[PDB]
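Chemist:
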Amino acid sequence: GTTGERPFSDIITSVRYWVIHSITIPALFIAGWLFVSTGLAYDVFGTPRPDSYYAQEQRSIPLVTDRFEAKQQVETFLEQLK
Amino acid sequence: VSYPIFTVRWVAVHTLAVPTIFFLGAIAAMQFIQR
Amino acid sequence: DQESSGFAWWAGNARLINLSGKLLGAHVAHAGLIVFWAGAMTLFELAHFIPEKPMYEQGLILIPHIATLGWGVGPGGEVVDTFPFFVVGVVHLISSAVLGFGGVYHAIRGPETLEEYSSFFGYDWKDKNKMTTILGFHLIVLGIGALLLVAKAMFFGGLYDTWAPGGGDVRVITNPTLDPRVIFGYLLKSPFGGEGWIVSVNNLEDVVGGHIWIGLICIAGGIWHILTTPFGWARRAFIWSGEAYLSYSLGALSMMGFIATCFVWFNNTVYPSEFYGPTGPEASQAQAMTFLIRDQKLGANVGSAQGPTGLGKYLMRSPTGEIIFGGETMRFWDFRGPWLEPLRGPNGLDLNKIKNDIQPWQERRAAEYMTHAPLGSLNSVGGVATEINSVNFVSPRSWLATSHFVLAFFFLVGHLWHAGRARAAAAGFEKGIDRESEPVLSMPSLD
Amino acid sequence: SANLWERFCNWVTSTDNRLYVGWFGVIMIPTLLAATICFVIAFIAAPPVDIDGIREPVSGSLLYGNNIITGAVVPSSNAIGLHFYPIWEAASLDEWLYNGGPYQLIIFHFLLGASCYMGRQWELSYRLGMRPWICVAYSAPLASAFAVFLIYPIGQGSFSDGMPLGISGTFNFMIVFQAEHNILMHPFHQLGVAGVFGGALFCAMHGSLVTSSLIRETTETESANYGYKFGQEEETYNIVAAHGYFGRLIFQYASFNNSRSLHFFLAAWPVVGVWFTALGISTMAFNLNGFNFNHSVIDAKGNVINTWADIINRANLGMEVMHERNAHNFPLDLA
Amino acid sequence: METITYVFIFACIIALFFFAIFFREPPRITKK
Amino acid sequence: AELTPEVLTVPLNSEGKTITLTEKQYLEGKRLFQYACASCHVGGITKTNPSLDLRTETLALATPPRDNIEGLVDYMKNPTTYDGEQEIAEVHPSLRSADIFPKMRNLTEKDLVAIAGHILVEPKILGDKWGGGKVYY
Amino acid sequence: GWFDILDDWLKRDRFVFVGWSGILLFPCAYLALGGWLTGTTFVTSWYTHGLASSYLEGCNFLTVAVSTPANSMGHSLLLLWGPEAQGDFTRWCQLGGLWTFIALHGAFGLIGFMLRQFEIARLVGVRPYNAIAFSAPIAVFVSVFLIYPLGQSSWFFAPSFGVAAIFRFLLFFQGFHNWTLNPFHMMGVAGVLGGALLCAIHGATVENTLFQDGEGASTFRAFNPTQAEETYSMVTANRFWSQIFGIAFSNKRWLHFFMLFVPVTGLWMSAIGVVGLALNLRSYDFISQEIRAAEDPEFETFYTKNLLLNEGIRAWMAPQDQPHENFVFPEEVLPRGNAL
Ligand code: CLA
Ligand code: CLA
Ligand code: CLA
Ligand code: CLA
Ligand code: CLA
Ligand code: CLA
Ligand SMILES: CC1=C(/C=C/C(C)=C/C=C/C(C)=C/C=C/C=C(C)/C=C/C=C(C)/C=C/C2=C(C)CCCC2(C)C)C(C)(C)CCC1
Ligand SMILES: CC1=C(\C=C/C(C)=C/C=C/C(C)=C/C=C/C=C(C)/C=C/C=C(C)/C=C/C2=C(C)CCCC2(C)C)C(C)(C)CCC1
Ligand SMILES: [Cl-]
Ligand SMILES: [Fe+2]
């Protein structure tokens, strides 16, 4: 009924844990928040910002139409201020 | 007993715990984006 | 006092089956939550309520209940004074504290049992007399209540009658149908299409009238039980225990829950389309009305118009010969309503009235109700599942009807569950088959 | 004679009957025999039914050009709506078969009997000294038949809108439903498939775990099943070896060791899940449909940016726009 | 021809049903 | 890809003169359009008479012209048929009939201008979608 | 020897058993789950399906998804460092590289997991019927997320990882393959539906046929974790069903094997059906029906009705569901009933 690991119950209760995690947990949180709020995430994943789906006039979709020259084709889609 | 700290369980627990919160923080921020 | 050596934690409230005192705290604390809600919700509704806008378009379900009783409204369901709403809301909210007090008290301070701290209030589940008597008390309290309505309608103001001669308005009922042949007639009515049983009540006289009968009949039975004990069969038929009694009341609520679902969905009278939304059939009828009205203005002869199937674009016949609206709307030819009745003749929709007696207030009524059918999504997007976002709306009739079917259902399960346990509890095996004396093992093999 | 009726009641209730005809049985057995006999005759020889009340008969019987997969018993006419249509309400049988009379005779008798079947599933449990609640598990599949055969029609205003009695006829009920209610996007349905998927999953879970941890008592060339005798005292499998394996598959505390807690879960999961699915059809019977995220995410200018939710809407429109070809005369489908 | 085939199999399943319920192998206890 | 003031420039009157709405008026219009129109005019169509939509072109060939702020505003006060040879304020929401259509009571000249502006700006953004029905959803 | 020491360490009984299998399982399984959770919130499907598919864009738990790659990609494995993405990460994301990532990784993760079962079983010394059973879910994943699109034009027609993105996969199969009319799919449901019955029925049968081994009502505590007597009356259960249903078990060993068979056989059948749908070898129509429907305009079955529903699904969905085809269907060509 047991193995080496220190019974979670004890840890989730140890004042030491919280003294550690009261810092660690919110840290990660504020980090991820900034990841989004600084617009970094948008560039890490090429995800369009609310004003970057179409060009002002165009109403067509930037559909990638060929595998090998896709990356090149994608780059050109960003060109038309999309 | 004299339990250790850094264990395999610990590793596992964190591979899921750490990213999660990082995401929950990210998502929570998204709730304010607009147009 | 009570812990795991009673019942399991998740079955905690069953540890109170034999602690009259504390089991009273529960019921008094609980009854507070209901009053609390009713009150706190009314104020929430009013806080958002916009006078110059339909109630059904604001997610209200309590303010329209008050409106029906003739309070804060006038001609055509026009909201006059929002004070009665505020009052009913605050009053309840207060009484919730009073009850809540008693609840908390009886469950953590006062006697844990009653039998000794007063033999009048203390009780024994198997005490067929105490039971029939307490039941008798409540049968009276409910009976007075039924009359509390009859009073408001006949003396203190009236109720909202949508069928009002001059058009929907608060009217004082001073002629309750008391004729038993009529009153109890409803109970002998079919529950299918047309003859609709109880939900077919279509005028306040019967409503008020019927309530007079119930009020009396109820208190009558309230006294009878005070002054009696269950007979012979009554005893050799039922199971007498704390659970068994619960169960009986569970199936009872269940049944009333289903009846309520159909009332708010079908009934026009006690649930005014002016405060709630238009009924399901009423809206589909309204579409036929609207377009029969439109195209007729474009020069079309509604009477002889032939639709794709050769059935009658605008007007057709029901299975029994009556002239009704055409289209898929042929299924709702049992719909009756203030706005539509003046067009009906002795044979159903009259081609002459339809041809030149349609009034403007009806055209826009039909338009209104057509564009407010009880169709919507969970996230509150009015229309068909394929509609676009814009009109945030879901008919109160839809909310009520669904919520109450779920509740009604689970209660029927609750019934089964508590009834099945009571029968096993009584006879005594609700905890397992006796390893030693295993009943099945004493029965011949059918093989 | 100890008293005829006294005896009668002793026979009916007798637990020595091959099949326990109970008190509920006295209503069940006749109602179920009417339903089945009428069904079988209908499905084989019944003539075309004007389901949509628009004089456009749909033949769903074998002898009239159907096979098992397509054939069905067609719902009563829409002209009839929710009206009661017993044989004695028709000028003739010819009229009764044309307006889908058999359907009502079937659904009503079945639902009736299938309810008593539950009532019986209690009675015998009582007469045998075993705990009740088995019938409460059967309350879920029943509550569905009810939802699909009665609640939805009451709600929609006609029995012609109830699920047909046939394979393909059922697929029709689904495809159309989805179009008008977008059920896949409704919480109750999702919980339903969770219960059903889960059920099958757990059914496989238990099934395997147990059969795999059986105590050896059989030869190498002898059916491992024989290692069990009907009416055993001790268990036939090592529930401690079972838990030992499964506990290592995931992790100890995420594994059952209490057969009673295991079997409760085993029953609780599907029944609860199906209960919600039944409440889904019964709720969407009053037009409280699934989530409508059509044109939700829109860009900075106002353009509509589609999601998979929109692609679903197109598929739905196709069904909407094509179902019941000649039955609609007006813009909005409010029935 | 097809109708006959469908009804036959059906009639065969019902026949099975009967035999399965009323002509099973009696379920014997302990000494089996 | 944004709602530039270039897009919020819609014809004010019949004589070519234009007006430029602001992101505040637009949203406000859009909100008001939902409050008193969506009910029957969701997505530029007309549920209780599908033959007449809010397409700018449709409003252009109307009589009088209703394809400008001035036009639509007048309409919201005294509505007429497509040929204008008949007033329909009795079965259509309007200012001169707010007693009959309460939703129109609050509505002030400020509100009317926004709603009107919304009707002319939507097709500019959505295009074909605005006019057509389920076909374009 | 180091090997036996490497072994020793791995097969050590921890909280979360690692094992040899783990060297394959955990890396993949985590990457699969991770990639989804990543895409679900950050990556878009604009350049791939002209669709917003992540929280970052406004999608909710239902509308979010990791959409398939373009149809242009074909059956390309789409490696981060392959001819398409060219080592670039952002591009990879925009070309739906995360799909083949999740797919292929998760695929191996299911191999590892079954291996685990096999490995852990051996150690604990129990029979591997937990492994046999798990073959069913593999077959499904393999046939649907791999074999199927491998028969079509590209990965684009494989089910996209997401809630809503799966509902269209369902609707598609109806509209295009008339999948519900397929004998194998039916067997499929018969197994899952019938399997979810055995689950429920057996559970309830046990809880309500229990012996009394305690004095409490909550009979849960009353259980002997250390075998001995049967905790429920198998003899009573038999008689119960034998009188209410007419048929009843009477060999727990068989009753339990049956519970493995039913849902596992079901899923296997449903797989074969799809393996045929890959080549489009569907069970779309009944020829005898169509021929009579052609010559005779008054013949109507619930089958004919359905096919019309399919026609509508195909015509109204195809445009925005298959962008690479640049479909343009004039309003007048769009099939529609009356009024609607
Ligand atoms: C479910 C309702 C209910 C019931 C059945 C009881 C019952 C009981 N309470 Mg009690 N109680 C309740 C609600 C209830 N309480 C509430 C809501 C509160 C909070 C205010 C309290 C606060 C309370 C206290 C503080 C105490 C009790 C006590 C007691 C017990 C002694 C009886 C007594 O107090 O006589 C009181 C005398 C009466 C018979 C006169 C009551 C008449 C009132 C004024 C009129 C009520 C009007 C009514 C609402 C309308 C009905 C009329 C209609 C039929 C026409 C008794 C078991 C006492 C106890 O613990 O002793 C063991 C005690 O100390 N209760
Ligand atoms: C008249 C109403 C009523 C009453 C008075 C009781 C009373 C009782 N029931 Mg009960 N029951 C009812 C209706 C009622 N039931 C219904 C309708 C059902 C069908 C579902 C059941 C099903 C039921 C079962 C299955 C059992 C009882 C049991 C019991 C007894 C122990 C109570 C207990 O378990 O508390 C403990 C209460 C809980 C642990 C809380 C459950 C929480 C619910 C399920 C969630 C509700 C969802 C909620 C609305 C969402 C909120 C959102 C949330 C995030 C905040 C007690 C005598 C138990 C008993 O031992 O049998 C005699 C028992 O096993 N009941
Ligand atoms: C309808 C809601 C409800 C009610 C009224 C009760 C009532 C009661 N439960 Mg209970 N119970 C409920 C839901 C409810 N339960 C649910 C959902 C569960 C499952 C989680 C349980 C599980 C449960 C168990 C396991 C047990 C009880 C017990 C009891 C009884 C003793 C109370 C107690 O132990 O005090 C404990 C006192 C406290 C720790 C203080 C609690 C704070 C108070 C009560 C709330 C104050 C309300 C408000 C904030 C203040 C208003 C003041 C204002 C009026 C001035 C009591 C009659 C016990 C029993 O059997 O009786 C002996 C018991 O063992 N219940
Ligand atoms: C049951 C009666 C009932 C009914 C018919 C309504 C009806 C309504 N309420 Mg409401 N309400 C109720 C009870 C009820 N309420 C209660 C008890 C509360 C106190 C919490 C509230 C609090 C409340 C608020 C605060 C508001 C409303 C609003 C509204 C309106 C908008 C509806 C809405 O948007 O739903 C959307 C809600 C859902 C989609 C949630 C569904 C929840 C289901 C029941 C959960 C089922 C899960 C299940 C229990 C899990 C158990 C299984 C597990 C045990 C295994 C609507 C008229 C709103 C309004 O007035 O604005 C116009 C509003 O703001 N209500
Ligand atoms: C809701 C409150 C209530 C409750 C809980 C009870 C409870 C009880 N009453 Mg009762 N009673 C009440 C109100 C109430 N009464 C009222 C208001 C009156 C005045 C009319 C009476 C008059 C009364 C009398 C005269 C008697 C009782 C008796 C009894 C006891 C046995 C009843 C029984 O065996 O029924 C079971 C009844 C059956 C076996 C017949 C079933 C056939 C039903 C009625 C028809 C089918 C129901 C159907 C599903 C519903 C469809 C609606 C229908 C109209 C179409 C029982 C404790 C008896 C007793 O023991 O006296 C002390 C008794 O003689 N009561
Ligand atoms: C051990 C578990 C494991 C497994 C089985 C895989 C498997 C896979 N990963 Mg992977 N991955 C893992 C862990 C794992 N990963 C981890 C922990 C990470 C995080 C760092 C990643 C991160 C990752 C990314 C970022 C990507 C993959 C991808 C892939 C797939 C294609 C990669 C490939 O072509 O391999 C090639 C196979 C080998 C390199 C094995 C070689 C073994 C031989 C014996 C060594 C010989 C070396 C020698 C120099 C050769 C001499 C020959 C001479 C002629 C030159 C493949 C299914 C790609 C993919 O998903 O594309 C869709 C991809 O982009 N993985
Ligand atoms: C992609 C990729 C990768 C990976 C990464 C990773 C690995 C990640 C992870 C990630 C993760 C790992 C994430 C997670 C997340 C999570 C979340 C975000 C969650 C949330 C949750 C919630 C929200 C909950 C809810 C609930 C439920 C569900 C139940 C009921 C109750 C509650 C409400 C609580 C790499 C770099 C290798 C390479 C490239 C590719
Ligand atoms: C027993 C028990 C329990 C229960 C309890 C209960 C159920 C209670 C209740 C309670 C209650 C039932 C309470 C109440 C309260 C109330 C109050 C406290 C009131 C208040 C009021 C006021 C305050 C007024 C007024 C107003 C107005 C007029 C307007 C403005 C606003 C205001 C609001 C101010 C529990 C479960 C916990 C646990 C176990 C035990
Ligand atoms: Cl159809
Ligand atoms: Fe089992």
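Protein chains in written order, with the entry's author numbering: chain E, 3 to 84; chain F, 11 to 45; chain C, 27 to 473; chain A, 10 to 344; chain T, 1 to 32; chain V, 27 to 163; chain D, 13 to 352. Where is the CB? At the ideal position from N, CA and C, for every residue including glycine.
(1) Name, please, each residue of chain F whose Cβ falls closer than 7 Å to the Cβ of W35 of chain E.
(2) Closer than 9 Å, Cβ to any Cβ of chain V: which residues of the stretch 288 to 309 of chain A, in chain order?
(3) Taking residue 65 of chain T as the query, report the chain D residues whose CB atoms sit under 7 Å from its CB, ordered along the chain.
(4) Answer with yes or no whether the minimum CB distance from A57 of chain C to chain D is below 9 Å.
(5) Of all the CB atoms in chain D, is at least one closer than 9 Å to the CB of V407 of chain C?
(6) Between V:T106, V:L53, V:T89, which lies nearest to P119 of chain V when the distance is taken from Cα to Cα?
(7) Is the closest heavy atom of ligand 2 to the C-beta of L279 of chain C under 8 Å?
(8) How about the stretch 161 to 178 of chain A and the stretch 300 to 309 of chain D: do they share at least three Cβ pairs that are nearer than 8 Å?
(9) Assign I320 of chain A to buried or exposed, taking buried as 16 or more other Cβ atoms, counted over all protein chains shown, within 10 Å of its Cβ.
(10) How would you write the range of the beta strand (DSSP E) that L341 of chain C sits in, first residue to last?
(11) Quick check: what's the CA-CA separation for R41 of chain C versus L442 of chain C?
(12) For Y56 of chain E, which residues in chain A fall below 9 Å Cβ to Cβ?
(13) Beta-carbon within less than 6 Å of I166 of chain C's beta-carbon, same chain only, minus the 5 sequence neighbours each way: which residues are those?
(14) May I ask you to list, following chain order, the residues of the stretch 39 to 63 of chain E that have a beta carbon less than 7 Å from some beta carbon of chain V?
(15) Tell me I349 of chain C's beta-bridge partners as DSSP assigns them.
(16) Hey, would you say the C-beta of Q199 of chain A is under 8 Å away from at least one heavy atom of ligand 4?
(17) Among residues of its own chain, excluding the 5 on either side of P90 of chain V, which ones have a beta-carbon nearer than 6 Å to its beta-carbon?
(18) May I ask which residues mark the beginning and end of the beta strand (DSSP E) holding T44 of chain V?
(19) Using the C-alpha atoms, what's the distance from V38 of chain E back to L30 of chain E?
(20) Helix, strand or coil for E337 of chain D, going by three-state DSSP, please let me know.
(21) Please go through the same chain and pick out, in chain order, the residues whose beta-carbon is closer than 6 Å to the beta-carbon of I238 of chain C, but skip the five residues on each side of it.
(22) Would you check if the stretch 65 to 83 of chain E and the stretch 41 to 56 of chain V touch, i.e. whether three or more CB-CB distances between them fall below 8 Å?
(23) At least one CB of chain D closer than 9 Å to the CB of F31 of chain E: is that the case?
(24) So what does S403 of chain C bridge to, in DSSP terms?
(25) Could you give the residue range of the beta strand (DSSP E) that holds residue 165 of chain V?
(26) Please check if any C-beta of chain E sits within less than 9 Å of the C-beta of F101 of chain D.
(27) Please check the pair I259 of chain D and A11 of chain T, which I expect to be a contact at CB under 8 Å, by giving their CB distance rounded to whole angstroms.
Modeler: Let's see:
(1) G35, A36, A38, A39
(2) Per Cβ criterion, the list reads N303, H304, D308, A309.
(3) Since the first residue of chain T shown is 1 and the last is 32, residue 65 of chain T is not available in this structure.
(4) no
(5) no
(6) V:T106
(7) yes
(8) no
(9) Around the beta carbon of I320 of chain A, 16 or more other beta carbons sit within 10 angstroms, so the residue counts as buried.
(10) For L341 of chain C, the enclosing beta strand (DSSP E) begins and ends at 341 to 343.
(11) 21 Å
(12) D308, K310, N312
(13) Around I166 of chain C: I245, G248.
(14) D53, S54, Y55, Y56, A57, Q58, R61
(15) C:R343, C:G374
(16) no
(17) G110
(18) 44 to 46
(19) 13 Å
(20) helix
(21) Excluding positions up to five away in sequence, the list reads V176, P202.
(22) no
(23) Chain D contact via Cβ: absent.
(24) A:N298
(25) With chain V represented from 27 up to 163, any question about residue 165 of chain V goes unanswered, as that position is not in the structure.
(26) yes
(27) Actually they are not in contact, since the Cβ atoms of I259 of chain D and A11 of chain T sit about 19 Å apart, beyond 8 Å.
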